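Those protein sequences? They're chains A and B, same order as listed. Under full-length UniProt numbering, the residues of the first sequence are numbered 3 to 263, 281 to 600, in order. Under full-length UniProt numbering, the residues of the second sequence are numbered 3 to 190, 199 to 600, in order. For every residue, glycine included, the Cβ atom is placed at its ideal position computed from N, Cα and C. Taking it in order: structure first as C-alpha cells, then the write-up.
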Amino acid sequence: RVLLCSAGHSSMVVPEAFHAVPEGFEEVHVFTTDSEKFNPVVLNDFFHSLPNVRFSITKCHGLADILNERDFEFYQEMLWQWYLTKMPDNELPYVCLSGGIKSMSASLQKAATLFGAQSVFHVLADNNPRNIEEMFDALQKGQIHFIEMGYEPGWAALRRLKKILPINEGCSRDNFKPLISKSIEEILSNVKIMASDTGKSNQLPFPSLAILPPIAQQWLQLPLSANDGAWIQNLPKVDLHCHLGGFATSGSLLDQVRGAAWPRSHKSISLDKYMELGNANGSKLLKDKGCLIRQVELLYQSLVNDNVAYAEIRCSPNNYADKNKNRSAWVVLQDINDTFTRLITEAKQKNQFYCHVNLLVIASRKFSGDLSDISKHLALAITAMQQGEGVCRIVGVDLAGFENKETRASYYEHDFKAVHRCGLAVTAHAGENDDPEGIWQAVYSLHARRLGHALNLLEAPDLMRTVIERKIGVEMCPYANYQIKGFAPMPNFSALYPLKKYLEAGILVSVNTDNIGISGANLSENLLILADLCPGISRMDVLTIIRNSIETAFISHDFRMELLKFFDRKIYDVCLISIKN
Amino acid sequence: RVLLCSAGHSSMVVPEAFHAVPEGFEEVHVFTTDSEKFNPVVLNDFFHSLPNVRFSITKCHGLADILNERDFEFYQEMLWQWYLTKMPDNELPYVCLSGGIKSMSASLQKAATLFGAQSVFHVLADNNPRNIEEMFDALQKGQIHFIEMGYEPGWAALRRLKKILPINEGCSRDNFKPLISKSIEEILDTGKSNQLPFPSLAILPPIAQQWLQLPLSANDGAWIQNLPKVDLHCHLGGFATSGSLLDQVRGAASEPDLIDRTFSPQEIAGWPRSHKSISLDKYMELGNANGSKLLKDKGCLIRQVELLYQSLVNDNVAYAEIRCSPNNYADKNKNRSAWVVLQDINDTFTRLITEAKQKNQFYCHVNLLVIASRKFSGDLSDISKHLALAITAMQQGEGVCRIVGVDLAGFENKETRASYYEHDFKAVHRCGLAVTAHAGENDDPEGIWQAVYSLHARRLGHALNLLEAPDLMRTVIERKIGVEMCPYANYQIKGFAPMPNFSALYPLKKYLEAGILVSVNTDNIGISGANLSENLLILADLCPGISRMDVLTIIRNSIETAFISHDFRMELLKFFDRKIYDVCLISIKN
Ligand SMILES: Nc1ncnc2c1ncn2[C@@H]1O[C@H](COP(=O)(O)OP(=O)(O)OP(=O)(O)O)[C@@H](O)[C@H]1O
Ligand SMILES: [Mg+2]
Ligand SMILES: [Mg+2]
C-alpha cells in the first residue's frame with residue numbers, strides 16, 4: 003500500500019491521511035514545490051518515530067508556485083511524472099487530495115483518474131491542528147474525518163508509460179520535454195478520431211494495441227524498412243520450428259560442445292548439403308551426456324538472447340541413444356526435458372524474461388530401414404507426454420524425413436490411428452518436392468494441425484481454400500527457401516516469395532528458424548530478410564505473423580491466454596518506446 | 003453554450019471565466035453551497051448588463067458547507083442531479099473550477115469526468131482582484147491566465163439518467179441510489203482481462219470498459235437487442251408456426267382451398283418458459299401446423315422466406331445461416347423439383363439482400379445450409395441426392411446468397427454415429443463445401459470422435475454431454491471445432507436449472523471457461539417461441555454469473571466458426587467491431 007499526497011504550505015494532510023486507514027500504510031510519498039514556506043521537519047520526525055514504514059519527499063525544482071500557463075503546465079508534468087515513478091508495480095495506491103491549493107488538488111485528481119488509484123480520499127480538520135501530540139489528541143476525540151471520493155480504475159494503457167521515462171535524470175528547462183502531454187494528447191486524439199470518423203473508426207483489426215498514438219499507427223502502416231533491425235530485435239518473437247541437433251554446426255558452438263564433453284549465399288542447392296555440413300554434430304557427437312547438456316544450455320541461452328518468448332523444439336531421441344552405455348532414447352528424452360525445465364525454473368525464479376520451450380518428437384522417414392522405428396517413436400512420444408509434471412512437455416510429433424511419392428501420407432497412416440486418440444498433435448513436411456494430392460491427404464488423413472513449407476500452394480486454388488478454411492498453419496522459413504530455392508532477387512531466379520500472397524489470402528503463416536546453426540541466422544534475421552526479399556511488406560504484417568505463430572502453437576487454452584496477455588503488454592511497451600527513436 | 007461554475011470564498015470568478023472564450027458565452031448557471039460568503043447580488047448586477055445571457059442561480063439548500071461524510075454525500079448527489087438536469091441536450095456543458103474548497107471542486111471534477119464537459123479549465127489572477135475595476139486591468143495586462151488542462155469528452159453517452167431517473171430538483175439524500183457506486187466499486199482474472207474481442211472496446215472510457223465485466227442481468231434487454239448478433243443454427247421450416255405469421259403465410263398461398271385451417275398445436279403453460287421438461291416428439295408435433303405439409307405452395311414458400319428475413323433484420327442480426335430441406339418441399343405434380351425450390355429460395359434471398367443494400371439500410375447477409383436428414387423409413391439414396399444437389403448449388407457460383415455447406419441431423423434412435431452415412435461424405439470435401447454434424451444430443455460421446463476425425467465436421471450441434479469426456483473436450487478445443495447450442499430449445503426438451511425437480515446445470519459457462527468456440531443460436535424460432543435476443547438474454551437465469559464480455563466473445567466466436575471466405579470475414583469483423591462499439595457507447599447510457 004502506497005499513499006501519495008500533495009504538499010502546499012501546511013503539514014495537515016500527511017499524518018492524518020497516514021493513520022486514516024485503521025491498518026496504516028507501508029510507503030508514503032509526498033509531492034511539493036520549490037517554495038520555502040513548507041517545512042520538512044515535522045513529517046520527517048513523525049515518520050522517524052516509526053521507521054518501519056517508508057517515507058520520501060519530492061520537490062519540484064525551479065518552481066515556487068504557479069504564476070502562468072508555463073508554471074502550471076510544468077507543475078502538472080512534474081506531478082504526473084512523480085505519480086508515474088512512484089506507481090506501485092501491481093496494486094493501485096491510495097491518494098489524499100486535501101494538500102495544496104485547488105489547482106494542485108485538481109491536478110492530483112486528474113492524475114488519479116488517468117492512472118488509476120485504489121481509493122482516493124479527503125482529510126479535513128475543524129481545529130486546524132499544528133503539532134503531533136494534538137493531532138493525536140484530535141484523532142482520539144474523533145474529530146478526524148475521511149471523505150472518500152471513489153475508486154478510479156484508470157486507463158490500463160496509460161500505466162505502461164513507465165518504460166519510456168521513469169525519470170530524465172532531473173530534466174532542466176533547456177532540455178525539458180512534455181512526455182505526459184504526449185500521453186494525454188495521444189489518448190484524446192484516439193478518442194476524438196473514434197468519435198469523428200467511421201472508416202478508420204471501424205478498421206481496427208488487431209489485438210487491442212489500438213490505444214497506441216495515431217503517429218505510432220501511421221508508422222506501423224508504413225512498409226517495413228531494413229533499418230528496423232533494432233525494433234524487430236526488441237520485439238518478442240515465437241519460433242515454432244527449430245531443430246535441436248543443428249545448432250552447433252558452425253562457429254565456436256561446435257568447439258564449445260566438443261570441449262564440454281553465408282548466410283546470404285546465392286547458391287541453389289538440393290539437400291544433403293545441410294546433412295553433411297551438420298555431420299560434425301548430432302549423431303556422431305551427441306552420443307554422450309555432457310555434449311547434449313551443453314547443447315541444450317547453449318540453445319536456451321541463444322533463444323533467450325533473441326527475446327524469444329516461446330518455442331517448440333523438434334529432436335531425435337533415437338539418434339542420440341547409446342545402448343552400449345545403457346543410454347536409451349527414453350533416457351535421452353527425459354534428460355532433455357529435465358534440463359529444459361530446470362533452465363526454465365531457474366530463469367523464472369530470477370523474475371527475468373524467460374523462454375518457455377516445448378518438445379516435439381520427430382519420426383524420421385528412414386523408409387526401408389527398420390520399419391518398426393516409426394511405431395517405436397510414436398509410442399515413445401505417446402508415453403513421454405504422460406509424465407505430466409514439468410513446465411516443459413511433449414505436445415506433438417513430427418513427420419519430417421525423406422519425402423517421396425512412396426513415402427506419402429498414405430504410407431504411414433496405419434500407425435497414426437492412436438496419436439490423435441491419446442491427445443497428441445501432428446505436424447508435417449511436404450510441398451517442397453511432393454504433389455498437391457500428398458498435401459491434401461496429409462491435411463485430411465493424418466489430421467495435421469500444422470504444415471511445413473509447401474511454397475507451391477498458389478498452383479492449387481482448391482487446396483488453398485481447403486487449408487485456409489480449416490485454419491491449417493504453415494511453417495515457412497525464409498532463409499531455408501532462400502538458400503534452397505530462388506528468392507530475394509536471386510540471379511537467374513525470377514521466382515518470388517509467396518509470403519505476401521499467403522498473408523493476403525489469410526493463411527496462418529509462421530516464420531521459423533528451421534535450423535539455426537547450418538543456416539547461420541536467427542529468427543530476427545529471418546524477419547529482416549523479408550524487407551528486401553518481399554517488397555512492399557509493412558510492419559503490421561510482422562505482428563500478424565507473430566499472432567499467427569502464437570495461434571497455431573500446440574498449447575493449452577489457459578497457456579495461450581497467458582502468452583497472449585504477455586505478448587500484448589510487451590508489444591505495447593516496445594512500440595511505445597521505439598516510436599520516439 | 004452553457005457554462006457551470008462553483009465557488010466558495012471568491013464571489014465573482016464567474017465573470018473572470020466569462021472572458022475565457024474571446025467570442026463570448028451564452029448561458030451561465032452557478033451551483034454552490036448555502037454559505038453566505040458567496041455574493042449573489044454582484045453576479046446579478048454583472049449579468050443584468052447582458053440580457054442576452056441567461057443567468058440562473060441555484061444553491062445547495064440546507065448545507066452551508068461540507069463538514070462530514072453525510073453532508074459531503076448529500077452535496078454530491080444534489081450536484082450530480084443538478085448537473086444531469088442542466089446539461090445541454092446535444093452539447094457537453096462548459097464548466098470551471100477556479101473557485102470552491104477541495105470537497106466541492108473534487109466532486110464537480112469527478113462528475114465532469116463521468117458525464118462530460120466541453121472544456122474544464124482554471125482561471126487565476128496574479129493580483130487576486132477584489133472588485134471589477136481591478137479585474138478589468140488584470141485581464142488587460144494579461145495577468146489573468148486561462149489555465150486549461152485538456153478536453154474532457156467523458157462518457158459520450160451517459161445522460162440517460164436524466165429521463166430514466168425523473169428530474170427531481172427538490173429532494174434530499176433520503177432517497178437516492180448511486181448506480182455509479184455499484185458500477186465502480188468492483189473493477190479489478200486472465201479471462202476477462204485479455205479475452206476482449208473487438209479491439210475498439212479498449213477505446214471505451216474506463217467506466218464502460220469495466221461495466222462490460224459486470225454480471226449480466228435480465229434488465230439489459232434493450233442493450234442485448236441493440237447489439238448485432240449472429241445466428242448459425244436456424245431452421246427455415248420452423249419459422250412460422252402459430253399466430254399472425256401462420257395466418258399471413260396461409261393467406262399468401264396460391265390455392266387457399268386445400269389449406270388445413272383446423273389443426274392447432276396444443277398450448278404449454280408458460281411457453282417458452284416451460285413448467286416442465288418435454289420430449290422431442292411433442293416438441294416436433296408442436297410444429298406440425300407448418301413444415302412441409304404447407305410449404306409446397308410456391309407463394310407460401312416466398313412469403314415464409316420474406317417473413318423470416320424480415321424477422322432476422324428486426325432482431326438486429328447482421329449475419330445468419332439458414333438450414334433448409336429442399337427435397338422436403340419438392341412436388342413432381344407441379345414440376346416443383348427440389349433444385350427448383352432451392353434455386354427459388356436463393357433468388358428470393360439475393361433479391362431481398364440487394365434491395366435492402368441499395369437503400370443503405372441494415373441487412374443480414376444470409377447463406378443456406380442443406381439438411382441431409384437421417385431419412386426415416388429407409389430410402390438412404392436421398393443422402394446422395396442431397397449431396398449432389400448441394401454440390402451443384404455450390405458451383406453454381408455467381409450470386410450473393412451462396413450455399414456454404416451441408417448438415418447431417420436427425421433422430422438418435424437409429425444410433426447413427428457418423429459411420430452409417432460416412433460412405434458418401436468423402437466427395438463433399440473435394441468440391442470445397444463445409445460439414446456440420448448434429449452429434450450427441452442424448453447419445454454416447456464416442457460418435458462425436460468419428461464425426462470430428464472422419465466426417466471432418468467443422469461444427470457440432472448441441473453436444474451438451476461434452477463435459478463428461480475430458481479427452482474429447484481436449485481435442486474439441488485443440489481442433490477449433492465450433493459447438494452450436496440453443497438455450498431455449500435445450501432447456502425445453504431436456505430441462506435445466508432453475509426448473510424445479512431438476513439438478514443438472516447448463517454447461518455454457520464451463521464450456522466458455524474451457525475455451526470451446528460455443529455459439530448461441532435459436533434452432534426453431536416458431537416452435538420455441540423465442541428469437542435470438544431472448545435466447546441470449548435467458549443466460550442470466552440459465553448460467554448465473556455470466557458477464558457481458560462473455561456475450562461479446564460469444565458473438566466473436568460465432569463470427570469465427572461461420573463458414574465464410576477470408577475477405578468477407580474481415581469486412582464482417584470490421585463492421586461488427588464498429589457497430590458493437592457504438593452500441594456499448596450509446597445503449598447502456600442508462
Ligand atoms: N509467459 C511468459 N513469457 C515470458 N515472460 C513472462 C511470462 N509470464 C510472465 N513473464 C515475465 O513477468 C514479468 C513481469 O514484468 P513487469 O510486468 O513488471 O514489466 P518489467 O519488469 O518492467 O519489464 P519486463 O517485462 O521486460 O520484465 C516479465 O518480465 C515477464 O518476463
Ligand atoms: Mg526443419
Ligand atoms: Mg436443429
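Over the uninterrupted alpha helix (DSSP H) stretch that includes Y85 (chain A), give me the two end residues. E71 to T87
Taking 7 Å as the CB-CB limit, is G409 (chain A) close to chain B? no
At 3 residues or longer, what runs of the beta strand (DSSP E) sit wholly inside the region 297-362 of chain B? 327-334
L379 (chain A) lies in the beta strand (DSSP E); which residues open and close that run? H375 to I381
Since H124 (chain B) sits in a beta bridge, which residues does DSSP pair it with? B:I149
Whose C-beta lies closer than 6 Å to the C-beta of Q460 (chain A) among residues of the same chain, with five residues either side of it excluded? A428 and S429
Tell me whether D533 (chain B), by its Cβ, gets closer than 6 Å to a heavy atom of ligand 3. yes
Is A232 (chain A) close to ligand 1? I mean its beta-carbon at under 6 Å from any heavy atom of the ligand. no
Determine whether the beta carbon atoms of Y153 (chain A) and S107 (chain A) lie at a separation below 7 Å. no
Selection of the region 472-498 of chain A by Cβ proximity to chain B, strictly under 9 Å: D481, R484, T485, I487, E488, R489 and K490
What are the residues of the region 64-80 of chain A that lie near chain B, defined by any Cβ-Cβ distance shorter than 8 Å? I68, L69, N70, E71, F74 and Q78
Please decide whether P155 (chain A) counts as near chain B, where near means a Cβ-Cβ distance under 7 Å. yes
Whole-angstrom Cβ separation of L116 (chain A) and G156 (chain A), contact assumed at under 8 Å? 6 Å
Determine the extent of the beta strand (DSSP E) in which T60 (chain B) is found, giving its start and end residues. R56 to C62
At a Cβ cut of 9 Å, what residues of the region 379-391 of chain A count as close to chain B, listed as they run along the chain? none
So is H124 (chain B) buried or exposed if we call it buried at 16+ other beta carbons inside 10 Å? buried
Can you give me the C-alpha to C-alpha distance between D257 (chain B) and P266 (chain B), rounded to a whole angstrom? 11 Å
Apart from the five residues just before and just after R132 (chain A), which ones in its own chain have a Cβ nearer than 7 Å to its Cβ? none
For the region 305-328 of chain A, enumerate the residues whose C-beta is nearer than 7 Å to any C-beta of chain B, in chain order. none
Examine ligand 1 and report whether any of its heavy atoms sits within less than 6 Å of the Cβ of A158 (chain A). no
Count the other CB atoms, across all protein chains shown, that sit within 10 Å of the CB of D587 (chain B); report buried if there are 16 or more and exposed otherwise. buried
Can you confirm whether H31 (chain A), when its beta carbon is compared against all beta carbons of chain B, has any partner nearer than 7 Å? no
First and last residue of the alpha helix (DSSP H) that includes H576 (chain A)? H576 to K599
Whether or not the region 223-231 of chain A and the region 551-571 of chain A are in contact is what I'm after, with contact meaning three or more pairs of Cβ atoms, one per stretch, closer than 8 Å; do they touch? yes
Count the other CB atoms within 10 Å of the CB of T272 (chain B); is the residue buried (16 or more) or exposed (fewer)? exposed
Should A212 (chain A) be flagged as near chain B, meaning a C-beta pair shorter than 7 Å? yes
Answer yes or no: the CB of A499 (chain B) versus the heavy atoms of ligand 1, is any distance below 6 Å? no
Coarse secondary structure for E295 (chain B), derived from DSSP in three states: helix
Report the three-state DSSP secondary structure of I186 (chain A) (helix, strand or coil). helix
Check the C-beta distance from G247 (chain A) over to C334 (chain A) and give it rounded, since I have them as a contact under 8 Å. 7 Å
Measure the CB-CB distance between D91 (chain B) and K61 (chain B) and report whether it falls below 7 Å. no
Using a Cβ-Cβ cut-off of 7 Å, state whether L582 (chain A) counts as contacting chain B. no
Is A340 (chain A) near ligand 1, in the sense that its beta carbon is under 6 Å from a heavy atom of that ligand? no
Can you check whether the CB of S8 (chain B) is closer than 7 Å to the CB of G118 (chain B)? no
Could you tell me the boundaries of the beta strand (DSSP E) in which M495 (chain B) lies? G492 to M495
Do the region 334-347 of chain A and the region 293-311 of chain A touch if we need at least three Cβ pairs shorter than 8 Å? yes
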